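K.L.:
Chains as they are written, first to last, in full-length UniProt numbering: chain D, 451 to 480, 483 to 500; chain A, 51 to 100.
All C-beta atoms in this analysis are idealised placements derived from N, C-alpha and C, irrespective of residue type, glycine included.
I'd like to ask you about the structure that follows.
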């Protein structure tokens, strides 16, 4: 989607698109488990 | 090869642009040659054949 707006910015701003271009040039040339449960925040103390 | 042909399109558009610019240069040099031919009186200079 960036290409169109790139044509709006002009030739000077072509540099800032580099990474975008890269992840495009790749596309032409080329289970999970819970994280953040917070159960580690729990505490238990028999001394109480 | 089989690499990305953005090289090919880039070189093609550069070729077309340089063709147009060089052609404008050929108009300029053509007017230069014609005015030299008119001034001298002989066809297309005296150093090269027509």
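(1) Among the candidates D/486, D/453 and D/462, whose CA atom is the shortest distance from the CA of residue 470 of chain D?
(2) Report the three-state DSSP secondary structure of residue 480 of chain D (helix, strand or coil).
(3) Quick check: residue 456 of chain D and residue 467 of chain D, are their CB atoms within less than 8 Å of each other?
(4) Could you tell me which of D/480, D/462 and D/486 sits nearest to residue 52 of chain A, measuring between CA atoms?
(5) Have a look at residue 95 of chain A and residue 68 of chain A and give me their C-alpha separation to the nearest angstrom.
(6) If you check the beta carbons only, do residue 54 of chain A and residue 475 of chain D fall under 8 Å apart?
P.N.:
Based on what the coordinates show:
(1) It is D/453.
(2) For residue 480 of chain D, the three-state secondary structure derived from DSSP is coil.
(3) Cβ distance < 8 Å, so residue 456 of chain D and residue 467 of chain D count as in contact.
(4) Ranking D/480, D/462 and D/486 by Cα distance to residue 52 of chain A puts D/480 first.
(5) Straight-line Cα distance between these residues: approximately 27 Å.
(6) Yes, Cβ-Cβ distance for residue 54 of chain A and residue 475 of chain D is below 8 Å.
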